[PDB]
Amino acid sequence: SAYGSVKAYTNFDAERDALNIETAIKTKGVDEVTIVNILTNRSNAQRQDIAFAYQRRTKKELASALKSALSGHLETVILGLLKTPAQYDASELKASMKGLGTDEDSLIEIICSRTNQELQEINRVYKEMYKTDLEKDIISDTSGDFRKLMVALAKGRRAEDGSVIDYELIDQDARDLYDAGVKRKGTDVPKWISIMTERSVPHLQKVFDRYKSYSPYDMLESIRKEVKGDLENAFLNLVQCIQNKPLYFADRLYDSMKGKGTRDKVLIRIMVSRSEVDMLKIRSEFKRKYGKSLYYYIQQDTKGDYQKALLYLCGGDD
């Protein structure tokens, strides 16, 4: 993707990077800025190479030494940046299901936003890591139609974005979602789940637009009237991700910062997991909607080497 904010380092020397990181870790009080300076400016692939080189000579896992050396929010950023995308998501997903007190917000964010390709690797990696399938763990922590929705999405088997646009199916899908929701008493949720999980994203974009032709309310408002709870939250997030994924993340970023304090879990995860996907488009949507940059809000809400790390993931003012 040409829309990430963290690009590969041109002058990449994987051994110099490991050596310098060890020097920085060992020194008194820890040289965080150097640790940050390197990793936030190396691609994930490049951090894998820094990782391999570093273990080849310290006897230690880079992640372990860093988990030791660093603390607080900055620890969370750095250890998340070290994992591959597939591994980072698998572990956030596992933490969302943690205990009985489920973090529906995080589960929803990831499952709703990840592509077929990403979920192929996410499902794979989750098994090797936790010795259970992702689907099994989702079934265990969620129920009702919320579970059905979450499970179907996690299979990552959306139709691929075809060559031919199927306008007949776009129109029928729009009526079907009308007929299953605002037209009828209550809701036919499995029609919603089927349509919204199986069709290509470019297709559903056109469906939700054509849906405005049949329904007094757009899809987002229709969801709000038809359902509630996790199910409603899931659908709302999903329709946002389909319509404008970058805006979706921009809005979640705004939300994590707009009020008192910071929702650091959401902020850190968005900045880490989207840095090499669409952070540029996220930054662009953010600035357009909110009049000020992402960079600026991060700066107001966070401090220290934590703040510097995040700003580097952001990659520019505006």
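So that there is no doubt, residue numbering starts at 1 and follows the sequence shown.
Stretches compared: 61 to 69, 278 to 286. Higher mean C-alpha B-factor in the entry: 61 to 69. Here the stretch with the larger average CA B-factor, out of 47 to 55 and 253 to 261, is 47 to 55. As recorded in the entry, 136 carries the highest CA temperature factor of 136, 224, 210, 245. The residue among 100, 108, 195, 154 whose C-alpha carries the highest B-factor in the deposited model is 100.
In the PDB entry, a CA B factor belonging to the highest third of its chain's modelled residues is recorded for residue 14.
In this PDB entry, the Cα temperature factor of residue 269 sits in the bottom third of its chain's modelled residues, the lowest group. Sorting the modelled residues of the chain by their CA temperature factor places residue 202 in the lowest third. Annotation for residue 132: CA B-factor lies in the highest third of the chain's modelled residues. Ranked by Cα temperature factor within the chain, residue 190 sits in the lowest third according to the deposited record.
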